[PDB]
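The form deposited in one PDB entry is given below as one chain in structure tokens.
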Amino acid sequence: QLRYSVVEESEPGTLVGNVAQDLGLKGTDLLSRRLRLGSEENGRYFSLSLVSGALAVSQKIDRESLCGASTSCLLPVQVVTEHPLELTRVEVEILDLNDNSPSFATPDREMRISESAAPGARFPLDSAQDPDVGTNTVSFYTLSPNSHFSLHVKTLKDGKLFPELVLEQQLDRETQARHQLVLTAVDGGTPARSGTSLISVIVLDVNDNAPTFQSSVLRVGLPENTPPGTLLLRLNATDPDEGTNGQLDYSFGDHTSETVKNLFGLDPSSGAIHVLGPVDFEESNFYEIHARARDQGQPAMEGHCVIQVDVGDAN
């Protein structure tokens, strides 16, 4: 019947539509025919003047309150005019305004990702919300430039955007334990409104590193008269991993001969190797020990060292 429109959040007293003019009532006709609104509920947001005959906004209207996420917001009101008693249907469309900014559940987020995460891995992200309708809702996401992660936004059945991180490079806790990203949600308004979420990616430690000796090959020389308990040398292996993954225990190689095992002995903790038995040039001029540092992780890693022992002559 009658169709008018008014912009959301417009200040009260804002003209909506000249009902009297569109109905043919002039001056006295407004009082004589008693120009009214349907009920008390009708005049909650609107007001119809007996003087001007103009329908205007009574209370500040929020489209997010009335229609929520509906595409079209139609507010029906009845205009009653007597002599003859006739009712008129008036449909006032509340035009959406871009007054809402994209919002996140939390301003800062922490994400814990395993160091062994293979590239191509996808991690979902908390989407942003924007109660506006049409293009005035969330339009796109942007991820701050970084070296390991990428942004992938997928369109859903609801028409809602679903953002997710994509791993581009192998993470390494031993270089940087933390990454910081800025996820920005932007709507499609002019000017565009936006909201941010700060993501802190914590790289969880994985036993991906094996112990390493200070020297891959070591060569020492000891006199033939060296008594038992004499300090040959102390091993120095290091592990960059965290916790039990970074602690190690020294031991001989699996293929180590019993002669060496009886001659030398190593402390699995300090890595100090001491000579237990007697040494002579007659027996053997050269001994080659295979040192091994085993990781206290899971799975266990291990590093290998080679010690070269040269024995002096008798008499």
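Don't overthink the numbering: it's just position in the shown sequence, from 1.
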With respect to the recorded C-alpha B factors, which stretch has the higher mean value, 85 to 93 or 197 to 205?
85 to 93
Avg C-alpha B-factor, entry values, 215 to 223 vs 68 to 76, higher side is 215 to 223
Quick one: which of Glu174, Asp130, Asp239, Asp158 shows the highest Cα temperature factor in the PDB entry?
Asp158
The residue of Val260, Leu35, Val57, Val51 with the maximal C-alpha B-factor according to the PDB record is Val260
Comparing against every modelled residue in the chain, figure out the third that the C-alpha B-factor of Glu9 lands in (lowest, middle or highest).
lowest
Relative to the other modelled residues of the same chain, rank the CA B-factor of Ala210 and answer lowest, middle or highest third.
middle
Taking the entry's C-alpha B-factors for this chain, is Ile61 in the lowest, middle or highest third?
lowest
Of the three thirds of Cα B-factor ranks in this chain, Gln180 occupies the lowest
The third of the chain into which the C-alpha temperature factor of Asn245 falls is the middle
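Not pictured, yet referred to below: the form deposited in another entry.
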Rigid part of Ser47 equals that of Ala118 between the shown form and the other one:
yes
